[PDB]
Amino acid sequence: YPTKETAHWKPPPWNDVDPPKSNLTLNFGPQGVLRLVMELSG
Amino acid sequence: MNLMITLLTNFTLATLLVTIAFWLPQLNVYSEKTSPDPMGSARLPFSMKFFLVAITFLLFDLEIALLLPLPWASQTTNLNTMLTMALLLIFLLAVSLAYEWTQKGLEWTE
Amino acid sequence: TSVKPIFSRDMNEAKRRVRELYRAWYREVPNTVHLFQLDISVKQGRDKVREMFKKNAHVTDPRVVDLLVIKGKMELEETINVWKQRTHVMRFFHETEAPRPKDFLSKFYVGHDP
Amino acid sequence: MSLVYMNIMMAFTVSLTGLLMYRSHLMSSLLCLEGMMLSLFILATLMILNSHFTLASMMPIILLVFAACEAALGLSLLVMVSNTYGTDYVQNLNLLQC
Amino acid sequence: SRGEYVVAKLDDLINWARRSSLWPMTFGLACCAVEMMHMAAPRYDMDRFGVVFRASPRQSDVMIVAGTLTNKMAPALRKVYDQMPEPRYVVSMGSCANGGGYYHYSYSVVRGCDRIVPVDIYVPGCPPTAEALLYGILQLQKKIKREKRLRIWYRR
Amino acid sequence: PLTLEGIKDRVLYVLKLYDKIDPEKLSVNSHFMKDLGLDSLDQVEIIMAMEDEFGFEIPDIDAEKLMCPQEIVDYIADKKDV
Ligand code: SF4
């Protein structure tokens with residue numbers, strides 16, 4: 001029985017799975033000398 | 001009472017040295033600084049592995065909490081039961097360690 | 001007169017690449033003013049983008065404007081990735097430079113240059 | 001009864017009403033739950049020491065250990081919610097309204 | 001007066017403590033880094049003067065610019081100098097830090113680190129020897145010894 | 001996206017937020033290049049304002065043929081139902 005309150009409720013997924021909706025970037029700068037841009041995954 | 005005096009003296013000396021370290025160079029009038037990190041502005045990435053080693057610490061620390069009355073427990077007159085349950089608690093800590101091992105829970109912080 | 005192209009066969013594909021590059025710079029400018037915490041406005045940075053595009057608007061060679069789009073994408077890639085500092089972004093705005101004499105008379109007054 | 005028991009019960013009810021009135025964070029709910037557990041530890045401990053009931057002295061340690069294990073489980077649930085939405089906000093846990 | 005004597009003794013105390021515990025942040029830019037490492041090596045041993053080996057930049061007292069400052073690293077030098085707490089000092093080691101040096105007429109080289117940071121000691125050489133750099137650090141200590149902070153404060 | 005009239009009203013609202021177009025001469029059939037006298041990049045930032053308001057990516061091969069607000073509202077009417 002949809003009312004005005006329950007007028008935006010969509011049904012759940014058929015497999016009950018909702019979509020989940022990155023990795024670290026470190027700039028080891030000059031602070032010899034060298035700059036490094038790391039893309040780390042942990 | 002002597003312990004409360006000692007804790008208060010240690011806390012008072014620590015707070016005194018912290019106040020001195022935070023307000024002795026404030027008397028200097030050096031300059032006002034403007035000054036406009038490896039990560040640029042990125043959000044702190046969660047790592048599951050640090051949380052796993054922290055929970056593994058907590059669980060083995062609860063097993064340690066069970067193990068702590070053993071020097072008093074050895075004084076009992078039910079020594080066969082005491083020895084069986086002592087070896088059983090250390091064995092269950094070992095089995096928790098082995099299950100954490102063999103299911104790759106101790107990996108990349110091994 | 002028959003030369004090897006770079007990306008564009010003629011000026012239409014070339015102007016398309018120029019147009020996509022202007023779109024990408026226009027989208028990037030507010031993020032640049034935010035994360036570098038520049039002291040300019042988004043209108044002012046977009047006017048500098050428009051100035052840098054309209055400076056090269058007299059070019060009629062497809063290979064030259066291909067290389068201009070290549071170098072503009074290199075500038076944008078060095079700006080999105082934080083490879084420039086604030087200094088490299090603000091070198092487009094010649095702020096510490098005194099205004100040059102533009103007419104004949106003040107160039108006569110200050111020195112020998114034409 | 002004893003005057004300290006009033007304060008330990010009142011602390012349990014304060015941590016109860018904190019646990020029964022969320023603001024945003026699931027971690028604040030877990031902290032209120034562990035404040036409840038701490039007050040239970042203190043109250044059980046003061047009774048068992050007060051009564052000289054010797055064999056129940058192992059009781060609060062057990063009351064610690066299990067519940068701290070429970071706390072560990074709760075932290076893992078928070079992390080899984082934090083691995084879904086980025087935060088631990090309880091208003092992100094509303095998919096089961098429909 | 002009495003206050004003049006007290007600020008004289010206190011300036012002597014704080015200048016003794018600052019010069020006798022100098023902590024360097026060394027920019028290992030170019031060949032002068034090797035000779036700084038020889039000034040830290042066991043023949044010369046900066047640490048016997050209280051000059052520690054590789055303090056972190058947020059707690060260092062002097063910034064030793066040892067090598068060529070290129071244009072691509074001039075804001076990095078300026079940023080590290082801005083992050084140093086006061087009293088900070090800057091020693092310019094060798095000819096490229098001093099005036100550009102062998103790369104003075106280059107398109108890519110800052111002609112002396114004094115265009116970017118204020119410089120207290122200029123140590124000349126290509127590279128200046130580790131004994132010459134240690135001489136420059138002792139001259140910096142003598143410059144700190146004759147500072148008159150509290151005396152000028154008492155006269156202002 | 002609902003009614004074509006609201007889409008035309010919102011196109012005109014976007015183009016009167018645009019500060020180089022004089023709102024007096026601005027009509028729905030007004031040409032950007034020869035009537036209002038705009039640069040190509042002015043039309044490009046117009047189309048990106050349309051992308052900001054209408055919320056979909058307009059490609060380049062069909063944004064170059066949007067030379068009046070009527071062409072813009074017809075293009076958005078093509079990319080949706082109405
Ligand atoms: S002053 Fe000369 S020797 Fe020294 S670092 Fe520079 S190039 Fe090398």
Side-chain angles (χ1 to χ4, degrees), chain A residues 27-37, chain C residues 83-85 87-88 91, chain E residues 19 22-85 87-144:
Chain A
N27 189 3
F28 290 99
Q31 284 73 241
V33 293
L34 176 58
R35 190 175 180 180
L36 289 167
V37 174
Chain C
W83 291 348
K84 294 181 182 291
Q85 282 86 20
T87 176
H88 296 87
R91 286 170 195 176
Chain E
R19 74 177 181 268
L22 283 176
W23 288 356
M25 189 271 171
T26 300
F27 272 96
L29 303 177
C31 334
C32 270
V34 180
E35 204 77 30
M36 173 266 166
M37 289 159 68
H38 280 284
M39 199 265 278
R43 175 171 289 177
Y44 293 101
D45 177 48
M46 56 174 72
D47 190 71
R48 74 105 184 263
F49 295 102
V51 179
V52 304
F53 179 66
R54 291 184 181 180
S56 69
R58 297 291 180 89
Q59 65 186 359
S60 66
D61 302 337
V62 64
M63 187 176 77
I64 299 170
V65 179
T68 308
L69 182 67
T70 59
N71 289 325
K72 196 170 181 178
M73 200 174 164
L77 189 81
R78 184 63 192 180
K79 184 177 178 181
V80 171
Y81 177 76
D82 287 331
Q83 291 174 357
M84 288 176 70
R88 73 265 190 100
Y89 303 97
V90 176
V91 171
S92 173
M93 183 183 177
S95 292
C96 298
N98 288 324
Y102 200 31
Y103 309 97
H104 180 84
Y105 291 104
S106 178
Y107 58 91
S108 67
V109 173
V110 178
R111 294 176 185 90
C113 68
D114 56 356
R115 292 174 184 264
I116 308 299
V117 296
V119 178
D120 289 320
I121 296 299
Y122 291 87
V123 181
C126 179
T129 64
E131 199 174 3
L133 179 65
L134 185 56
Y135 181 77
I137 297 300
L138 294 177
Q139 186 177 0
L140 180 67
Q141 290 182 0
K142 293 183 178 68
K143 187 176 181 180
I144 297 171

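The chains referred to below are lettered A, B, ... by the order of the sequence lines, with proteins before strands, and numbering in each begins at 1. When a ligand or atom number is given, it counts from 1 through the structure's own listing order.
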Checklist entry - Counting each atom of ligand 1 from 1 as listed, which ones have a heavy atom of E:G94 under 4.0 Å away? => result 1 (S)

Checklist entry - Which bit of E:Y103 gets closer than 4.0 Å to ligand 1, counting heavy atoms only: side chain, backbone, both or neither? => result side chain

Next on the checklist: One pair to check against side-chain contact (heavy atoms from CB on, under 4.5 Å): E:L22 and E:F49. What are the steps and the verdict?
Outcome noted: CA-CA 8 Å; E:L22 283 176; E:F49 295 102; over 6 Å; no

Checklist entry - How close do A:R35 and A:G29 get, heavy atom to heavy atom, and via which atoms? => result CG-CA, 4.1 Å

Checklist entry - So which of E:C31, E:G28, E:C96, E:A30 gets nearest to atom 8 (Fe) of ligand 1, if we judge by its closest heavy atom? => result E:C31

Item to check | Shortest non-hydrogen separation from E:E131 to E:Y44 and the atoms involved | outcome: OE1-OH, 3.4 Å

Checklist entry - Which protein heavy atom lies closest to atom 4 (Fe) of ligand 1, and at what distance to 0.1 Å? => result E:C32 SG, 3.0 Å

Checklist entry - When you measure from the side chain of E:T70 to the backbone N and O of E:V109, does any donor-acceptor pair fall under 3.5 Å? => result no

Checklist entry - Ignoring hydrogens and geometry, is there a side-chain-to-backbone donor-acceptor pair from E:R111 to E:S106 under 3.5 Å? => result yes

Item to check | Top protein contact for atom 1 (S) of ligand 1, by heavy-atom distance | outcome: E:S95 N, 2.8 Å

Item to check | Identity and distance of the protein heavy atom lying nearest atom 2 (Fe) of ligand 1 | outcome: E:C126 SG, 3.0 Å

Checklist entry - Among the heavy atoms of E:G101, does any lie under 4.0 Å from an atom of ligand 1? => result no

Checklist entry - Can you list the atoms of ligand 1 that are under 4.0 Å from a heavy atom of E:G67? => result 5 (S)

Checklist entry - Quick one: does E:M63's side chain get under 4.5 Å of E:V117's, heavy atoms only? => result yes

Item to check | Closest protein heavy atom to atom 3 (S) of ligand 1, given as residue, atom name and distance to 0.1 Å | outcome: E:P127 N, 3.3 Å

Checklist entry - Regarding E:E35 and E:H38, is there a side-chain donor-to-acceptor distance under 3.5 Å anywhere? => result no

